[PDB]
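Have a look at the structure below before the remarks.
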There are 2 protein chains.
Amino acid sequence: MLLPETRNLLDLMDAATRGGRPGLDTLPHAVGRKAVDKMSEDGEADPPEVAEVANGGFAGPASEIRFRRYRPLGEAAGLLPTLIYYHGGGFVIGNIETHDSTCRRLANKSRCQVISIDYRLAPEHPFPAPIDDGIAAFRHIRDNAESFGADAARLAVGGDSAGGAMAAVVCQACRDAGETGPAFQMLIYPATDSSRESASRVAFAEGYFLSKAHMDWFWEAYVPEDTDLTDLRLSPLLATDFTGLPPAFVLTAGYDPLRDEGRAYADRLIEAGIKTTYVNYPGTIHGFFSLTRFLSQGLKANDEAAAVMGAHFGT
Amino acid sequence: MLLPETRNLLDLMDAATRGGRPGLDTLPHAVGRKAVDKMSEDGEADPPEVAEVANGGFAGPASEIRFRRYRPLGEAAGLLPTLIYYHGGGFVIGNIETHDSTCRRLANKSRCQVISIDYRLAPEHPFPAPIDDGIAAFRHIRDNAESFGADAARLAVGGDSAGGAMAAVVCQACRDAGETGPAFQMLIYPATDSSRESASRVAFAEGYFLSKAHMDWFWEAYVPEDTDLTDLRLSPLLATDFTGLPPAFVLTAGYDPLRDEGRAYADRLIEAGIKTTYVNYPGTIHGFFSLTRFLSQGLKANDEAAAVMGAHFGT
Ligand SMILES: *[P@](=O)(CCCCCC)OCCCC
Ligand SMILES: *[P@](=O)(CCCCCC)OCCCC
C-alpha cells in the first residue's frame with residue numbers, strides 16, 4: 001500500500017544511510033540539531049509569496065518567545081481569524097525556518113493569519129518547558145488579540161508531531177483552568193500517549209522515516225528520569241473528560257507509529273459530542289506534511305487542513 | 001443537548017403538526033410530492049450567483065435523463081474537475097430545484113463544475129429504476145467528458161440521503177464491473193443498510209425530522225415486496241470487499257437515524273486502506289445540508305464538503 005512517490009524518497013534515504021551519512025543518532029543533540037534542521041529546510045517545497053511577514057518576540061514564563069506572522073494574499077481586513085502553529089521535532093529539533101514554506105501555504109489556502117511560535121527546546125530546557133511556552137503563547141495572543149491583528153472570536157491552535165501534541169494540551173489546559181480556550185484545534189499526526197505502545201508503534205518501529213531509535217533519542221533529552229508517564233501533558237489521550245474541548249481536525253498517516261493513538265484521540269472527541277474531522281492518508285509516512293519537495297500528498301494535506309479550518313471560520 | 005437553531009426549527013414543525021391539519025405520512029405519494037417539493041425549495045437559502053447555468057438532457061436506460069450544470073465564478077478553464085450530484089428524497093420526492101441553491105454554493109466554494117442529475121422517481125418507477133439512471137448518468141458523463149466540459153481525470157459523484165446511497169452504489173457497481181469508476185465520492189448522511197436497525201435508527205425513530213413513519217411510507221413505494229434486503233443496491237454496507245473504491249468524504253448528523261450506518265460505512269473504508277474523511281456535526285438533524293434557510297450549520301457543512309473535494313483535485 002506504499003505510494004510510488006513515498007517509496008521513491010525511502011530509496012534516497014536508504015542510499016544516503018549506507019553511503020557516508022552516519023545517521024549515527026549523535027547525542028550531541030546540539031550538534032545533530034544543526035545538521036538535521038538544514039535537511040528539514042531543504043525538504044520543504046519552495047516558499048509561496050504572502051502579503052506580509054513579520055518577526056517579533058515577547059516575554060514568556062522564563063524567556064523571550066520569538067514568533068513570525070504570515071498575512072495571506074488579498075486579505076484586506078485588519079483583524080483576521082488566526083492559527084497559532086507549533087513546529088514539530090520531538091521537543092528537541094526544528095524552528096520557524098524548518099516549517100516556513102508550510103505556514104505560508106497554510107495561510108494563503110485557509111485565508112487566515114498564521115503565527116508560528118519558537119518555543120524552548122530540549123535538552124537545554126526539558127519537560128515541561130516546551131508546552132509551558134506553548135500555553136503562554138496562546139494566552140498572550142488571546143489577551144492581546146488586536147495587537148497581533150487577530151479576531152479573538154476565531155482563534156485556533158495546531159501543529160505536527162510534538163507540535164500537534166502541544167496543540168491538544170493547550171486546549172485541555174484551558175478547559176481544566178476554566179478559562180476561554182481556542183475555537184479550533186488542528187492536530188497533524190500528533191503524539192497523544194506516552195503511557196503504552198499501540199499496534200502501529202510496534203508495526204512501524206523500523207524502516208519508515210521516524211524510527212523507534214529516533215523516538216528514544218528524543219525521549220532521553222525531553223523527559224527527566226522518573227516522570228509519571230500518565231501525566232496528561234505527556235499523554236492527553238488518558239483524560240477522563242473530553243467534553244468542552246473545541247472542534248478538531250485530526251490527520252493520520254498510514255505508515256506512522258503515531259497512527260493508532262492519533263485516531264484514538266479523534267474517536268474520544270466524536271463520542272464526547274465534539275464537532276470533529278478525521279482523515280487518514282494511507283501509503284505515506286510520518287513527516288510528509290512538510291517534506292513537500294518530495295511528496296505531493298503533503299501539499300494536498302496542507303491544502304485540505306487549511307480548507308477545513310477556513311470553512312469553519314467562514315473565510 | 002441540541003443546538004438552539006436546531007431546537008428552534010423542531011418546535012415550528014411541531015406547531016403545524018397539531019396547530020394545523022398536516023400529515024405527509026397520510027397522503028397519496030403523487031399528491032404529497034407536489035406540496036413537500038415546494039417546501040423544500042423554500043427551505044434552501046437564497047441562491048448565490050454563478051458564472052453560468054446550463055440545462056440539458058440525454059438518453060438513459062428507459063427515458064430521457066434531465067440535468068443542470070453550474071460553472072463556478074472566475075473559473076476560466078475549459079475542462080474543469082466535476083462533481084455529479086444526486087438529490088435526496090427517499091427515491092420518491094425532490095428534483096433539481098429542491099437542491100439548486102446548494103449545488104450553486106458547492107461549485108463556487110469547491111471551484112469545481114457541478115452536474116445535478118434528475119433521476120426516475122417512485123412509485124411511478126420503483127426499484128431498481130432510480131439507481132440505474134444514477135449509474136447511466138455517470139457512465140455517460142465519463143465517456144463524453146469533454147462534451148460536458150469536464151476533466152475525465154478528476155470526475156466525482158455525491159449526494160444526500162437516498163442520493164448519498166445512490167452515490168456509494170455507483171462506485172461499487174463500477175468496481176464490480178471492472179471499469180473506470182469515479183475519482184472521489186462525497187457521501188452526505190447517506191442510508192447504507194436496509195437489512196437491520198442500528199441503535200440510532202431506534203433512538204431517533206420519532207420526533208427529530210426524519211421519522212420511522214416517513215421511512216416506511218417511502219419504503220412501500222420504492223421497494224417491491226419480497227426483495228432480499230441484503231441486496232447491495234439497498235445495503236452497500238454489507239459488501240465483502242471495500243478495496244479499490246475511490247477516496248471518500250463522509251458526513252453524519254448527531255440526531256439522525258442514519259447516523260450509525262453512516263460512520264460504519266466510513267470505518268469500512270478506512271480499514272480497507274482508502275483515503276477517507278469522516279465528520280460528525282453533533283446537535284443538528286438529518287436534512288440540515290439543504291435546510292440552509294433555517295440552519296447555519298448546513299452552510300458550514302456545504303463549505304466544508306466543497307473544500308475537501310477542492311483540495312483533493314487541487315483547485
Ligand atoms: P528508521 O526506521 C531506523 C530503524 C533502525 C532502528 C535501530 C534498531 O529509519 C528509516 C530510514 C529509511 C530507510
Ligand atoms: P417524526 O420524527 C415524529 C412526529 C412528531 C412527534 C414528536 C415526538 O417527525 C418529526 C417532525 C418534527 C416534530
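Within each chain, counting starts at residue 1; across the C-alpha cells, chains are named A, B, ... in the order shown, with ligands numbered 1 upward in that order.
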For this session: Find the residues around stretch 104-110 of chain B up to 9 Å (only C-alpha atoms counted), leave out those fewer than 2 positions away in its own chain, and share them as a ChimeraX atom specification.
Result: /B:47-51,70-74,82-83,99-102,112-114,299,302-311,315
For this session: Could you report the residues within 12 Å of ligand 1, using only C-alpha atoms and all ligand atoms, as number ranges by chain?
Result: A: 6-18, 21-25, 201-217, 255-257, 285-286
For the residues selected in the previous step, produce a file with C-alpha atoms as an mmCIF file, in the first residue's frame.
data_model
loop_
_atom_site.group_PDB
_atom_site.id
_atom_site.type_symbol
_atom_site.label_atom_id
_atom_site.label_comp_id
_atom_site.auth_asym_id
_atom_site.auth_seq_id
_atom_site.Cartn_x
_atom_site.Cartn_y
_atom_site.Cartn_z
ATOM 1 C CA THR A 6 6.688 7.760 -0.974
ATOM 2 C CA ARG A 7 8.705 4.643 -1.912
ATOM 3 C CA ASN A 8 10.937 6.784 -4.137
ATOM 4 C CA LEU A 9 12.006 9.040 -1.228
ATOM 5 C CA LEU A 10 12.552 5.975 1.001
ATOM 6 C CA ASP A 11 15.076 4.698 -1.607
ATOM 7 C CA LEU A 12 17.029 8.001 -1.365
ATOM 8 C CA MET A 13 17.198 7.913 2.464
ATOM 9 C CA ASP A 14 18.369 4.262 2.182
ATOM 10 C CA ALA A 15 21.105 5.307 -0.309
ATOM 11 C CA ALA A 16 22.468 8.083 1.955
ATOM 12 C CA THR A 17 22.220 5.912 5.119
ATOM 13 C CA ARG A 18 24.508 3.222 3.668
ATOM 14 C CA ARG A 21 25.996 9.868 6.038
ATOM 15 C CA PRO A 22 26.062 8.175 9.504
ATOM 16 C CA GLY A 23 22.562 8.890 10.865
ATOM 17 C CA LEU A 24 24.563 7.990 13.991
ATOM 18 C CA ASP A 25 21.839 9.177 16.372
ATOM 19 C CA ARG A 201 4.087 1.927 17.365
ATOM 20 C CA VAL A 202 5.362 -1.678 17.117
ATOM 21 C CA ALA A 203 4.421 -2.446 13.486
ATOM 22 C CA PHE A 204 6.354 0.615 12.124
ATOM 23 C CA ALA A 205 9.089 0.755 14.796
ATOM 24 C CA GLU A 206 11.728 0.410 12.000
ATOM 25 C CA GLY A 207 12.193 1.417 8.335
ATOM 26 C CA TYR A 208 9.611 4.204 7.742
ATOM 27 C CA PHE A 209 11.261 7.563 8.490
ATOM 28 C CA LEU A 210 10.585 8.123 12.208
ATOM 29 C CA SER A 211 12.224 5.090 13.834
ATOM 30 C CA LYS A 212 11.985 3.749 17.390
ATOM 31 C CA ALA A 213 15.718 4.616 17.661
ATOM 32 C CA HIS A 214 14.848 8.282 16.917
ATOM 33 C CA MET A 215 11.948 8.417 19.445
ATOM 34 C CA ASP A 216 14.274 7.176 22.254
ATOM 35 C CA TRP A 217 16.937 9.767 21.297
ATOM 36 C CA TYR A 255 2.985 4.255 7.888
ATOM 37 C CA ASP A 256 3.219 6.212 11.138
ATOM 38 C CA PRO A 257 3.925 4.807 14.634
ATOM 39 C CA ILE A 285 4.928 8.313 6.048
ATOM 40 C CA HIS A 286 5.172 10.471 9.164
#
Problem set entry | All alpha helix (DSSP H) positions in stretch 28-102 of chain B, as a PyMOL selection string | chain B and resi 29-43+100-102
Can I get the selection written as a compact mmCIF listing (two decimals), in the first residue's frame, with N, CA and C atoms?
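result.txt, written as the output of this step:
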# COMPACT_ATOMS: atom_id res chain seq x y z
N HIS B 29 -48.86 9.51 -2.64
CA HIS B 29 -47.46 9.81 -2.93
C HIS B 29 -47.34 10.95 -3.94
N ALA B 30 -48.14 10.87 -5.02
CA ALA B 30 -48.08 11.83 -6.12
C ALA B 30 -48.61 13.21 -5.69
N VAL B 31 -49.55 13.22 -4.74
CA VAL B 31 -50.13 14.47 -4.19
C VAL B 31 -49.11 15.12 -3.25
N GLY B 32 -48.68 14.36 -2.23
CA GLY B 32 -47.72 14.81 -1.22
C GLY B 32 -46.45 15.40 -1.83
N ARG B 33 -45.96 14.76 -2.90
CA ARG B 33 -44.75 15.17 -3.62
C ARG B 33 -44.81 16.67 -3.95
N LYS B 34 -45.93 17.10 -4.55
CA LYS B 34 -46.07 18.45 -5.09
C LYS B 34 -46.00 19.48 -3.96
N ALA B 35 -46.61 19.14 -2.82
CA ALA B 35 -46.68 20.01 -1.66
C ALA B 35 -45.29 20.15 -1.01
N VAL B 36 -44.65 19.02 -0.73
CA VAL B 36 -43.38 18.99 0.01
C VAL B 36 -42.26 19.58 -0.85
N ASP B 37 -42.26 19.29 -2.16
CA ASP B 37 -41.23 19.79 -3.07
C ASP B 37 -41.13 21.32 -2.97
N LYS B 38 -42.28 21.99 -2.86
CA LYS B 38 -42.34 23.46 -2.77
C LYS B 38 -41.75 23.92 -1.43
N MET B 39 -42.03 23.16 -0.36
CA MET B 39 -41.50 23.45 0.96
C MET B 39 -39.97 23.34 0.96
N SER B 40 -39.46 22.27 0.33
CA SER B 40 -38.03 22.03 0.22
C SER B 40 -37.33 23.21 -0.46
N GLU B 41 -37.91 23.68 -1.57
CA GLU B 41 -37.36 24.81 -2.32
C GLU B 41 -37.17 26.01 -1.38
N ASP B 42 -38.20 26.30 -0.57
CA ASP B 42 -38.23 27.43 0.36
C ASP B 42 -37.23 27.24 1.50
N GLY B 43 -37.02 25.99 1.92
CA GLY B 43 -36.09 25.63 3.00
C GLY B 43 -34.65 25.99 2.68
N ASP B 100 -31.05 23.27 -5.75
CA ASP B 100 -30.39 24.20 -6.69
C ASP B 100 -29.41 25.09 -5.92
N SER B 101 -29.91 25.78 -4.89
CA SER B 101 -29.10 26.71 -4.09
C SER B 101 -27.83 26.03 -3.56
N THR B 102 -27.97 24.77 -3.15
CA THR B 102 -26.90 24.01 -2.52
C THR B 102 -25.81 23.70 -3.56
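Among A:59, A:264, A:250, A:157, the residue with the shortest atom-to-atom distance to chain B, counting only C-alpha atoms, is A:250.
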Problem set entry | Pairwise distance for atom CA of residue A:5 and atom CA of residue B:152, rounded to one decimal in Å | 22.8 Å
Could you give me, as a tab-separated table (two decimals) with C-alpha atoms, in the first residue's frame, each residue of stretch 63-268 of chain A that DSSP assigns to strand (DSSP E or B) when run on this structure's backbone?
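Listing of result-v8.tsv after writing:
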chain	number	residue	atom	x	y	z
A	64	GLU	CA	11.67	35.74	25.31
A	65	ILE	CA	9.39	33.81	22.91
A	66	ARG	CA	10.21	34.59	19.24
A	67	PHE	CA	7.45	34.40	16.59
A	68	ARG	CA	6.74	35.02	12.89
A	69	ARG	CA	3.40	36.15	11.38
A	70	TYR	CA	2.19	35.42	7.84
A	71	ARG	CA	-0.67	37.52	6.42
A	80	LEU	CA	-8.22	38.09	10.78
A	81	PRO	CA	-9.10	34.62	12.13
A	82	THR	CA	-5.72	33.29	13.27
A	83	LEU	CA	-3.98	29.93	13.74
A	84	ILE	CA	-1.13	29.57	16.28
A	85	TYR	CA	1.30	26.97	14.87
A	86	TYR	CA	3.73	24.88	16.92
A	113	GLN	CA	-3.35	34.66	9.52
A	114	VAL	CA	-0.72	32.16	10.80
A	115	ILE	CA	1.56	32.77	13.84
A	116	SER	CA	4.50	30.33	14.06
A	117	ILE	CA	5.85	30.06	17.65
A	118	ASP	CA	9.51	29.35	18.54
A	150	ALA	CA	-6.30	38.79	15.32
A	151	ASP	CA	-10.03	38.20	15.80
A	152	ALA	CA	-10.29	36.87	19.38
A	153	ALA	CA	-13.62	35.22	18.43
A	154	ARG	CA	-11.88	32.94	15.88
A	155	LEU	CA	-8.53	31.99	17.39
A	156	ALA	CA	-7.14	28.46	16.86
A	157	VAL	CA	-4.03	26.34	17.59
A	158	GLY	CA	-2.35	23.48	15.75
A	159	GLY	CA	0.87	21.67	14.89
A	160	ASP	CA	2.55	18.47	13.74
A	184	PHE	CA	-10.42	25.21	16.80
A	185	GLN	CA	-7.57	22.61	17.17
A	186	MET	CA	-5.69	21.34	14.07
A	187	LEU	CA	-3.86	18.12	15.07
A	188	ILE	CA	-1.49	16.72	12.39
A	248	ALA	CA	-10.98	19.45	15.87
A	249	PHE	CA	-9.26	18.48	12.63
A	250	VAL	CA	-7.20	15.29	13.03
A	251	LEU	CA	-4.95	13.78	10.35
A	252	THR	CA	-3.01	10.48	10.45
A	253	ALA	CA	-0.56	8.82	8.01
A	254	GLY	CA	-0.66	5.11	7.04
A	255	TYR	CA	2.99	4.26	7.89
Wanna dump the chain A-chain B contacts at 7 Å for me, each residue with its shortest atom pair and the distance in Å to one decimal, counting only C-alpha atoms, ordered by chain and number, as JSON lines?
{"residue": "A:273", "atom": "CA", "partner": "B:282", "partner_atom": "CA", "distance": 5.9}
{"residue": "A:274", "atom": "CA", "partner": "B:282", "partner_atom": "CA", "distance": 6.7}
{"residue": "A:275", "atom": "CA", "partner": "B:281", "partner_atom": "CA", "distance": 5.5}
{"residue": "A:276", "atom": "CA", "partner": "B:279", "partner_atom": "CA", "distance": 5.7}
{"residue": "A:277", "atom": "CA", "partner": "B:279", "partner_atom": "CA", "distance": 4.5}
{"residue": "A:278", "atom": "CA", "partner": "B:278", "partner_atom": "CA", "distance": 5.4}
{"residue": "A:279", "atom": "CA", "partner": "B:277", "partner_atom": "CA", "distance": 4.5}
{"residue": "A:280", "atom": "CA", "partner": "B:275", "partner_atom": "CA", "distance": 5.8}
{"residue": "A:281", "atom": "CA", "partner": "B:275", "partner_atom": "CA", "distance": 5.5}
{"residue": "A:282", "atom": "CA", "partner": "B:273", "partner_atom": "CA", "distance": 6.1}
{"residue": "A:300", "atom": "CA", "partner": "B:311", "partner_atom": "CA", "distance": 6.1}
{"residue": "A:303", "atom": "CA", "partner": "B:311", "partner_atom": "CA", "distance": 5.4}
{"residue": "A:304", "atom": "CA", "partner": "B:311", "partner_atom": "CA", "distance": 5.2}
{"residue": "A:307", "atom": "CA", "partner": "B:307", "partner_atom": "CA", "distance": 5.4}
{"residue": "A:308", "atom": "CA", "partner": "B:304", "partner_atom": "CA", "distance": 5.6}
{"residue": "A:311", "atom": "CA", "partner": "B:304", "partner_atom": "CA", "distance": 5.3}
{"residue": "A:312", "atom": "CA", "partner": "B:300", "partner_atom": "CA", "distance": 6.4}
For this session: Write out as a list in words which residues come within 10 Å of residue A:236 when counting only C-alpha atoms, dropping same-chain ones fewer than 2 positions away.
Result: residues 165, 166, 168, 169, 172, 173, 191, 192, 193, 194, 230, 231, 232, 233, 234, 238, 239, 240, 242 and 265 of chain A
I need the residues from that last selection saved to file as a CSV table (one decimal), in the first residue's frame (with C-alpha atoms), if you can.
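Writing the result to again-v3.csv gives the following:
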chain,number,residue,atom,x,y,z
A,165,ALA,CA,0.7,17.1,20.9
A,166,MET,CA,1.5,20.6,22.2
A,168,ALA,CA,-4.0,19.3,22.0
A,169,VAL,CA,-2.6,20.0,25.5
A,172,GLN,CA,-7.1,20.7,27.7
A,173,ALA,CA,-5.1,23.0,30.0
A,191,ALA,CA,1.6,12.1,19.7
A,192,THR,CA,-1.1,11.6,22.4
A,193,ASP,CA,0.1,8.7,24.5
A,194,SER,CA,3.4,8.1,26.3
A,230,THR,CA,0.3,9.1,32.8
A,231,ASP,CA,0.7,12.9,33.1
A,232,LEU,CA,-1.8,14.4,30.6
A,233,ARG,CA,0.9,16.8,29.3
A,234,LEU,CA,2.7,13.7,28.1
A,238,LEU,CA,-5.8,9.5,29.1
A,239,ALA,CA,-8.1,12.4,30.0
A,240,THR,CA,-11.3,11.4,31.9
A,242,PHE,CA,-13.4,15.1,26.6
A,265,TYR,CA,-7.9,10.7,20.3
For this session: Using only C-alpha atoms, determine which residues lie at most 6 Å from stretch 119-122 of chain B, disregarding the query and same-chain residues fewer than 6 positions distant; provide the list as a PyMOL selection string.
Result: chain B and resi 91-92+130+133+222
Selection export as a PDB file, in the first residue's frame, atoms kept: N, CA, C and O atoms:
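out.pdb, freshly written:
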ATOM      1  N   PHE B  91     -35.951   8.379  -2.850  1.00  0.00           N
ATOM      2  CA  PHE B  91     -36.224   7.880  -4.200  1.00  0.00           C
ATOM      3  C   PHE B  91     -37.703   8.092  -4.568  1.00  0.00           C
ATOM      4  O   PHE B  91     -38.273   7.288  -5.291  1.00  0.00           O
ATOM      5  N   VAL B  92     -38.309   9.179  -4.083  1.00  0.00           N
ATOM      6  CA  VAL B  92     -39.753   9.409  -4.245  1.00  0.00           C
ATOM      7  C   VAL B  92     -40.021  10.897  -4.504  1.00  0.00           C
ATOM      8  O   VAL B  92     -40.791  11.218  -5.402  1.00  0.00           O
ATOM      9  N   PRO B 130     -34.379   4.014 -10.105  1.00  0.00           N
ATOM     10  CA  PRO B 130     -33.607   5.199  -9.718  1.00  0.00           C
ATOM     11  C   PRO B 130     -32.080   5.064  -9.837  1.00  0.00           C
ATOM     12  O   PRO B 130     -31.452   5.923 -10.451  1.00  0.00           O
ATOM     13  N   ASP B 133     -30.521   4.818 -13.400  1.00  0.00           N
ATOM     14  CA  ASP B 133     -30.327   6.138 -14.010  1.00  0.00           C
ATOM     15  C   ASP B 133     -29.086   6.812 -13.406  1.00  0.00           C
ATOM     16  O   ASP B 133     -28.327   7.475 -14.115  1.00  0.00           O
ATOM     17  N   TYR B 222     -40.952   2.494  -2.978  1.00  0.00           N
ATOM     18  CA  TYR B 222     -39.678   2.262  -3.682  1.00  0.00           C
ATOM     19  C   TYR B 222     -39.483   0.768  -3.971  1.00  0.00           C
ATOM     20  O   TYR B 222     -39.037   0.415  -5.065  1.00  0.00           O
TER      21      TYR B 222
END
For this session: Would you please work out which residue, of A:128, A:94, A:181, A:298, is nearest to residue A:143 when using only C-alpha atoms?
Result: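 Nearest to residue A:143: A:181.
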Problem set entry | For residue B:174: contacts at 10 Å, only C-alpha atoms, fewer than 4 positions along chain excluded, given as a PyMOL selection string | chain B and resi 135+138-139+169-170+178-182+245
